[PDB]
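Notes follow the structure.
Chain identifiers are assigned alphabetically (A, B, ...) following the order of the sequence lines, protein sequences preceding nucleic acid strands; residue numbering begins at 1 within each chain. Because only heavy atoms are used, hydrogens play no part in the values below, and waters and symmetry mates are left out as well, while side chains stay in.
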Amino acid sequence: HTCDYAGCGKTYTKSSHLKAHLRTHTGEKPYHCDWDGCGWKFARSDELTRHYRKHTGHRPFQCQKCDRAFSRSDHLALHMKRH
DNA sequence: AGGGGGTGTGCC
DNA sequence: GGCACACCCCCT
Ligand code: NA
Ligand SMILES: [Zn+2]
Ligand SMILES: [Zn+2]
Ligand SMILES: [Zn+2]
């Protein structure tokens, strides 16, 4: 599975990863946020899922040193480092 | 400090 | 296919 966009030639082992990679060339953002008044659109479905947590307020990653909770694991990891 | 999007990569 | 981690780079 090779990318035939201009002088690229990037290879992938799965179809889904190449199809998502081609979106970085065509600029297509198929995953729209349906929240009222938002308007954000993303090229990968996981970006929209992560973005929805800002609307829903879901904070699954909880710090065990204090009481702060975060919606993303990297935000919790950085919070633990600079604790 | 907290809070976002972009991107690559490995797993289900 | 999506999910999620990890990291980057940005803004607040
Ligand atoms: Na495939
Ligand atoms: Zn390409
Ligand atoms: Zn939104
Ligand atoms: Zn803490």
Side-chain angles (χ1 to χ4, degrees), chain A residues 1-13 15-27 29-53 55-64 66 69-80 83:
Chain A
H1 293 193
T2 54
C3 167
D4 317 337
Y5 182 88
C8 183
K10 185 164 198 12
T11 54
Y12 289 88
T13 176
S15 313
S16 98
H17 278 182
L18 176 46
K19 298 275 226 305
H21 169 75
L22 291 155
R23 305 202 173 100
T24 39
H25 304 316
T26 72
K29 303 176 179 301
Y31 303 99
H32 288 79
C33 172
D34 276 9
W35 208 263
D36 276 330
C38 187
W40 271 96
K41 33 214 172 213
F42 309 92
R44 282 161 46 163
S45 157
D46 58 82
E47 310 185 68
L48 174 62
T49 285
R50 190 179 59 179
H51 165 79
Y52 265 139
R53 298 209 271 272
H55 289 308
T56 64
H58 191 24
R59 276 144 183 200
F61 307 101
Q62 270 152 168
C63 162
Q64 289 326 304
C66 69
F70 305 89
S71 63
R72 284 160 52 165
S73 73
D74 55 320
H75 285 170
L76 170 64
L78 192 63
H79 167 81
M80 290 303 201
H83 209 285

Next on the checklist: Any N or O donor-acceptor pair under 3.5 Å from the base of B/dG6 to the side chain of A/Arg50?
Outcome noted: yes
Checklist entry - Once you round to the nearest 0.5 Å, how far does CD of A/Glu47 lie from OH of A/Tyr31? => result 10.0 Å
Item to check | Rounded interatomic separation in angstrom, taking CD from A/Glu47 and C1' from C/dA6 | outcome: 15 Å
Item to check | Whole angstrom value for the distance that separates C1' of B/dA1 from NE2 of A/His79 | outcome: 10 Å
Checklist entry - A/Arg44 CZ to C/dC7 P: how many Å, rounded? => result 16 Å
Item to check | Rounded distance (nearest 0.5 Å) linking atom CG of A/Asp4 with atom CG of A/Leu18 | outcome: 8.0 Å
Checklist entry - Taking the six-membered ring for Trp, is the centroid-to-centroid distance between A/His79 and A/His83 below 6.0 Å? => result yes
Next on the checklist: Could you tell me how far apart A/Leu18 (CG) and B/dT9 (P) are, to the nearest whole angstrom?
Outcome noted: 13 Å
Item to check | For atom NE2 of A/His55 and atom P of B/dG4, their distance in whole Å | outcome: 9 Å
Checklist entry - Think A/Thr24 has a side-chain N or O under 4.0 angstrom from the OP1 or OP2 of B/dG6? => result no
Next on the checklist: Counting the benzene-type ring for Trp, do A/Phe70 and A/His75 have ring centres under 6.0 Å apart?
Outcome noted: no
Next on the checklist: Is there a side-chain contact between A/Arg59 and the phosphate of B/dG3, meaning an N or O under 4.0 Å from OP1 or OP2?
Outcome noted: yes
Checklist entry - Rounding to a whole Å, what distance do you find between A/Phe42:CZ and B/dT7:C1'? => result 14 Å
Next on the checklist: Would the base of B/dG6 count as contacting A/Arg23 through its side chain, where contact means a donor and an acceptor less than 3.5 Å apart?
Outcome noted: no
Checklist entry - Can a donor-acceptor pair under 3.5 Å be found between the side-chain atoms of A/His75 and the base atoms of B/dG4? => result yes
Next on the checklist: In whole Å, I'd like the distance from the CZ atom of A/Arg72 to the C1' atom of B/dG4.
Outcome noted: 6 Å
Next on the checklist: Check the phosphate of B/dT9 against A/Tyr12, side-chain N and O only, distance under 4.0 Å to OP1 or OP2. Yes or no?
Outcome noted: no
Checklist entry - Do the side chain of A/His17 and the base of B/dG10 come within less than 3.5 angstrom through a donor-acceptor pair of N or O atoms? => result yes
Checklist entry - Does A/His51 make a side-chain N or O approach to OP1 or OP2 of B/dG5 shorter than 4.0 Å? => result yes
Item to check | Base C/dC5 paired with A/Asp74 side chain (donor-acceptor, <3.5 Å) | outcome: no
Checklist entry - Can a side chain N or O of A/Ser73 be found less than 4.0 Å away from OP1 or OP2 on C/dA4? => result no
Item to check | From A/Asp46 atom CG to A/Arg50 atom CZ, the distance as rounded to the nearest 0.5 Å | outcome: 7.0 Å
Checklist entry - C1'-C2'-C3'-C4' for B/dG4: north (positive) or south (negative)? => result north
Checklist entry - Taking atom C1' of C/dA6 as reference, at what distance in whole Å does atom CG of A/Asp46 sit? => result 12 Å
